[PDB]
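A single chain, nothing else alongside it, follows as structure tokens in the form deposited in one PDB entry.
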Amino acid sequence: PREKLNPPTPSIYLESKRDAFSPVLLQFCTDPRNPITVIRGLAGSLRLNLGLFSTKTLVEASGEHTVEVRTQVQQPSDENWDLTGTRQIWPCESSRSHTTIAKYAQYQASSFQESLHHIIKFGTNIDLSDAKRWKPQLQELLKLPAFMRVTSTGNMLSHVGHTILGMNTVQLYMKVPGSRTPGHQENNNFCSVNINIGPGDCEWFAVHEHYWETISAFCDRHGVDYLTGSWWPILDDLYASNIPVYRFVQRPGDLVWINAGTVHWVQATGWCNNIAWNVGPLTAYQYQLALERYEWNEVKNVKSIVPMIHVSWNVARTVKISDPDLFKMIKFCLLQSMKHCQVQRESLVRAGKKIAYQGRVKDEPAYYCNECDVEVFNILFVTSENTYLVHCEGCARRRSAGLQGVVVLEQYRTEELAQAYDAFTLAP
């Protein structure tokens, strides 16, 4: 029906700072039945100074900061045309270039005044990770309830132990009308927090995680990579497949919570800035979706930007988990991980290959394979290309000389993992 295919937007209006900090808010935002939530009056209720994220303030703060520009043809939010302008298509291609905040600002400001073109420029992926450079901005985001913050005990990304750019650091987007964010799910299905600084609106579209394989099938049919390509759903295709589509406007000061694995796309209707980062709540729902996308990525040779094995061990070492469903999932992941390390050690020892203990140091990143981008946990196959390259076991073995010239390192002895694992118990 027309009613079921156009579901109402899950919405919250905070009348007070107290309601912002209610446990009811966290349960509403993370409810699997709410794929996306818009929190009206969030900035006002928390007295957030969003002026700190105004274009004028940003220019003064770091005018020469790099902006990744996406050049796009301006089109209505429910349209994406082929080159002839006669039919709708899924692929939504852009050109990628670079400029500065100061220069993008002048373009943003000048277009805004002139309104008082066919081709537009979208200022993307602006990196607000530098804690000194963006101190007042980042400090302002400490006013949010804990579950929404960049860093918190209940956020899996706060147990990584190092920076994951754009996930546990804030990204800024500077927009003019028509600036288009193509359809996607977040890295490893992690939740996202997005605030419109404004002065104008953003239009949002979203589909429940449940339907993602159908959207992936459309992408394949229309010649674009679902996981890594740039695409814009044809709404009529979605409706013809009985897929409900959420549609709403995000006004200045409104916070959008993108729940785990929600497929979403966005278009600026006015001139505005957006800020965003990811959160991974420590729930069975989020953890399951994170691990299944982790496994699917490996099938499809796509890098998992969240190193889920590394993360699961860190969580197990420090966090008390009381939910039996989530505990079981983490416990299983850890046991599989120990077994996988063990198989590698045994085959290395059978081959007569030496393993050196390397250990871990503070702030050390998690490693990925240079050839296939898979997470490489604990047992590292290392080659000298000063410059060292890490490989997974398969790719190391595949080298023309096999393991000749490859040094194998171990970052955690069996006993280290066994002791961490044994201490990880279900909390009362």
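Whichever C-alpha set is largest while still superposing within 1.5 Å between the two forms counts as the rigid core. Residue indices: 1-based, along the sequence shown.
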{"property": "Third-or-more of other entries without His117", "result": "yes"}
{"property": "Unresolved deposited residues in the interval that joins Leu116 and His117", "result": "10 or more"}
{"property": "Between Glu385 and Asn386 - deposited residues without coordinates, as a size class", "result": "4 to 9"}
{"property": "Selected stretch [higher average CA B-factor]: 374-382 or 391-399", "result": "391-399"}
{"property": "341-349 versus 235-243 - greater average Cα B-factor per the deposited record", "result": "235-243"}
{"property": "Per the PDB entry, maximal CA B factor within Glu186, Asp82, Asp127, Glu209", "result": "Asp82"}
{"property": "Identity of residue with top Cα B-factor, from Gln171, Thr100, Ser158, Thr318", "result": "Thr318"}
{"property": "Chain-wide C-alpha B factor ranking for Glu93, given as lowest, middle or highest third", "result": "highest"}
{"property": "Third of the chain, ranked by Cα B-factor, where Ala109 sits", "result": "highest"}
{"property": "Cα B factor band for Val249 (lowest, middle or highest third within the chain)", "result": "lowest"}
{"property": "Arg293 - which third its CA temperature factor falls in, relative to the rest of the chain", "result": "lowest"}
{"property": "Ranked C-alpha temperature factor of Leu142 among modelled chain residues, by third", "result": "middle"}
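The same protein has a further form, the form deposited in another entry, not shown here; the description that follows concerns it.
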item: Rigid-core fit between this form and the one not shown, the member of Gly394, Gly51, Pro365, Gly402 whose C-alpha shifts 2 angstroms or more; value: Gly402
item: After fitting the core, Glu15 CA displacement of 2 Å or more between this form and the one not shown; value: yes
item: Note on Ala401-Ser337 C-alpha separation in that other deposited form, which departs from the shown form by 3 angstroms or more; value: closer
